[PDB]
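>>> Pasting an experimental structure, sequence included:
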Amino acid sequence: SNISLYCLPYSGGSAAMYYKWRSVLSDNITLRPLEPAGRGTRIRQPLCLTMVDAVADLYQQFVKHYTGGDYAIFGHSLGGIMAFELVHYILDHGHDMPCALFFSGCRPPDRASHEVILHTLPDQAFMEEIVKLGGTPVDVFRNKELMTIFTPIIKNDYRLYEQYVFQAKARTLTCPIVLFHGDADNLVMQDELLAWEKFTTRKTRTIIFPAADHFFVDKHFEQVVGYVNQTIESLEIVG
């Protein structure tokens, strides 16, 4: 059979971070990067206003290639919160349960709080703070051209994650959850990820990348896809 893997990017990111995944993903996995509005291929679209609007926006993307087969969802950081909210929104529409879900660099949705509200800082102070936190690569201040166009986009995505307020759901997921974590990640508290297990009736599994920061998802993408591959291959054998 075939399975489509929908991938959501981190804050400030675009679907193109996942284009390179097509060189390691299993041959019966169809890559389906989902482009959030206002960046990448959807740069002309207004930026989302609230998490619920951003989820409705991605669902419209989802239903451009979704015909009822098997599927999984991967998201990194904000993309992981959006993946969580999006799956329940898909289920609220009457679609089937995904095969598996991957939440990378993502604290549990009931604890996905910001210890600080950064999005209300002046642009200059915001970008210095997120460079300090490892919430974007430090080579971003090199090109000040790049920063001008880029700052509104990443600041909006921080606004979405900071104003996010978890509300419990009408259902427990019934698929496996896989969690990806870089042990040197300052924005994800390893101890907290145990709060992820109540959100599915199946096994949660955690994979820690040694000597890896927030952006292990790009630097070690081949290993991440190695695990996505083994998760899906393992479900094709035993369900």
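Nice, thanks for sending it over. Residues are numbered from 1 along each chain as shown.
>>> alpha carbons only for contacts and neighbour counts from here, please
Noted.
>>> For the helix or strand that contains residue 80, buried residues please.
Here residue 80 sits within helix 78-92, counting by DSSP states H and E. By neighbour count with 16 or more other Cα atoms under 10 Å, helix 78-92 contains the buried residues 78-90.
>>> Give me the next element, helix or strand, following it.
strand 101-104.
>>> okay, the angle between the strand or helix carrying residue 149 and helix 78-92?
According to DSSP H and E, residue 149 maps onto helix 144-162. For helix 144-162 against helix 78-92, the angle by axes from the mean of the first three to the mean of the last three Cα atoms, to 10 degrees is 50 degrees.
>>> Off-centre distance for helix 144-162?
Its chain's C-alpha centre and that of helix 144-162 lie 17 Å apart, by Cα atoms, centre = their mean, to the nearest Å.
>>> Name the residues that touch it?
11-13, 38-39, 47-51, 78, 81, 113-114, 117-119, 123, 126-127, 140-141 (Cα atoms under 8 Å, 6 or more residues apart in numbering).
>>> Of those, just the buried ones, PyMOL syntax please.
Applying 16+ other Cα under 10 Å to the contacts of helix 144-162, the buried members can be selected in PyMOL as follows:
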select buried, resi 11+12+13+38+39+47+48+50+51+78+81+113+118+119+123+126+127
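>>> what's around residue 148, how many residues?
When neighbours are counted by other Cα atoms under 10 Å, residue 148 registers 13.
>>> sorry, that was for residue 22
Residue 22 has 14 nearby residues by other Cα under 10 Å.
>>> Pull the contacting residues for it.
Counted by Cα under 8 Å, 6+ apart, residue 22 has contacts residue 31.
>>> And the strands in this structure?
Using DSSP state E, the strands of the chain run over 3-8, 29-33, 70-76, 101-104, 177-182, 204-209.
>>> Format the ones you listed as JSON lines; extra columns: mean neighbour count.
Output for the strands of the chain, formatted as JSON lines (neighbours: other Cα atoms under 10 Å):
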{"stretch": "strand 3-8", "mean neighbour count": "23"}
{"stretch": "strand 29-33", "mean neighbour count": "20"}
{"stretch": "strand 70-76", "mean neighbour count": "22"}
{"stretch": "strand 101-104", "mean neighbour count": "27"}
{"stretch": "strand 177-182", "mean neighbour count": "23"}
{"stretch": "strand 204-209", "mean neighbour count": "16"}
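>>> Nice, that's everything, thank you.
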